[PDB]
Structures are given as C-alpha cells and as structure tokens.
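Each remark here refers to the structure printed beneath this line.
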Amino acid sequence: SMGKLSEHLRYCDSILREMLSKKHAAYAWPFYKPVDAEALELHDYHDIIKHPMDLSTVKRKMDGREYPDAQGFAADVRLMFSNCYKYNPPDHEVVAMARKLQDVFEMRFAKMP
Ligand SMILES: COc1cc(C(=O)NC2CCN(C)CC2)ccc1Nc1ncc2c(n1)N(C1CCCC1)CC(F)(F)C(=O)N2C
C-alpha cells in the first residue's frame, strides 16, 4: 500500500533470500559470510580490500532498513562481487563462482518492477 519504494525494498529482500537459498548453493556459498582472512591465511586480504562485504552483512543492513533505496542495496551486493574480482586471480574458480551468482543477481535486479 506504500508505493514503489516500499515495493522495491521488498523485491530486494526477495532477491537476497534467493541468493542465500539452497537453490544457488553450488556457487554462492563463499559469499554467505565475511571472508575470514585469518582462517584462509590471506595475509594481504585487508590490505587490498578496504570495504569487505558479504551476503550476511547485506541481510543485516537490509533487515534493519539501512539501505534507503534499491540502488543502495545493489551497491553493496555489487561491492561484494567487485571485491572478489579485485583480490583474486582472474582465472580463479572463486571469480567464476562470483560471476555465476552475479548473473543471478543482475537478472533478478533488472526485472524489478
Ligand atoms: C571455509 O571457507 C572456505 C574453505 C575453503 C577450503 O576448504 N580450502 C582448502 C582446505 C585445505 N586444502 C586441502 C584444499 C581446500 C576454501 C575457501 C573457503 N571460503 C572462501 N570464502 C570466500 C572467499 C574465498 N574462500 N576465496 C578462496 C579462494 C582460494 C582460497 C580462498 C578467496 C577470497 F579472497 F577470500 C574471496 O574473495 N572469497 C569470496
């Protein structure tokens, strides 16, 4: 009943639910939680990536309605992908996995009424 802004935010909630769901778990799982640079022994990760982002953080912020509009939500989802492209070798499996998940994201986002 509140119009397009409310509807866009609800649609974004749904995109996020889909990205976190079992449907995409073959490629989305590296993006469920913040990169644990200590556990992964990535001693240069936080020197290269200045603004880490991941789907659990997007969920915390979206559920708290910290994104004022759909573009703000998209910016953080795309930051997550961009961090992966920036840090990792371009032929790495994890870059292909980020790309598979971004194909889903961009498709759903483009079809937001
Ligand atoms: C428990 O989680 C993992 C476990 C294993 C795992 O189980 N690895 C090995 C354990 C020991 N040997 C035997 C081989 C598998 C590998 C990766 C994991 N998780 C992860 N999450 C996120 C990123 C990532 N990884 N990336 C990968 C690239 C290659 C090494 C980290 C680089 C990155 F920079 F952090 C990045 O951008 N992303 C998005």
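Computed over heavy atoms, backbone and side chain alike; hydrogens, waters and symmetry mates excluded. Sequence positions, counted from 1, serve as the residue numbers for this chain.
Closest approach of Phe73 to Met19, counting heavy atoms only: CZ-CE, 4.4 Å. Heavy-atom minimum distance, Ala37 versus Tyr45: CB-CB, 3.9 Å.
Among residue pairs with one or both ends in residues 38-48, none qualify as salt bridge (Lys or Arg N to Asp or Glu O under 4.0 Å); sequence neighbours excluded. Residues in residues 50-72 take part in no ring pair (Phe, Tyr, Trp, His ring centres under 6.0 Å) pair, two or more places apart or across chains.
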Side chain to side chain contact (heavy atoms under 4.5 Å, CB included), that's the test. Do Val58 and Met53 meet it? Break it down for me.
CA-CA 7 Å; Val58 178; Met53 182 55 48; 3.8 Å; yes
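Separation of atoms CG (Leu79) and SG (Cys84) is listed at 11.5 Å; rounding is to 0.5 Å. Separation of atoms CG (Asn88) and CD1 (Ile49) is listed at 8.0 Å; rounding is to 0.5 Å. In this structure, CG in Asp36 is found 9.0 Å from CG in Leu42, a value given to the nearest 0.5 Å. A distance of 9.5 Å separates NZ of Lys4 from CG of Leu9, quoted to the nearest 0.5 Å. A distance of 14.5 Å separates OG1 in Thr57 from CE in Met62, rounded to the nearest 0.5 Å. Atom OG in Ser56 sits 9.5 Å away from atom CG in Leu16 (nearest 0.5 Å).
Side-chain heavy atoms closer than 4.5 Å link hydrophobic residues (I, L, V, M, F, W, Y) into clusters, and following such links, even through other members, never connects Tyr87 to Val95. Hydrophobic clustering of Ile, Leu, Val, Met, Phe, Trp and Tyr side chains at less than 4.5 Å, counting indirect connections, unites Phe105 with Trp29. One hydrophobic cluster, built from ILVMFWY side chains closer than 4.5 Å, cannot hold both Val35 and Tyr85; they sit in different ones. Note: the hydrophobic cluster containing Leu40 does not contain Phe31 (ILVMFWY, side chain heavy atoms under 4.5 Å, direct or indirect links).
Between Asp69 and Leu5 the shortest side-chain heavy-atom distance falls below 4.5 Å. Counting only heavy atoms from C-beta outward, the side chains of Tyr27 and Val94 never approach each other to under 4.5 Å. In this structure the side chain of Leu101 reaches within 4.5 angstrom of the side chain of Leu55, judged on heavy atoms. Two residues are said to be in side-chain contact when any heavy atoms from C-beta on lie closer than 4.5 Å; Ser6 and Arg10 fail this criterion.
At a threshold of 4.0 Å, the pair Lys59-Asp76 does not count as salt-bridged, since none of the basic side-chain nitrogens sits closer than that to a carboxylate oxygen.
More than 12 heavy atoms of other residues, nucleotides or ligands lie within 6.0 Å of CZ in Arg65, so this atom counts as buried by the packing criterion.
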Can you give me every donor-acceptor pair (side chain of residues 106-113, partner residue at least two apart or in another chain, under 3.5 Å) with its distance?
unit_1, atom_1, unit_2, atom_2, d
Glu106, OE1, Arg78, NH2, 2.8
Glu106, OE2, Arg78, NE, 2.9
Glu106, OE2, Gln102, NE2, 3.0
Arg108, NE, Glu18, OE1, 2.8
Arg108, NH2, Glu18, OE2, 2.9

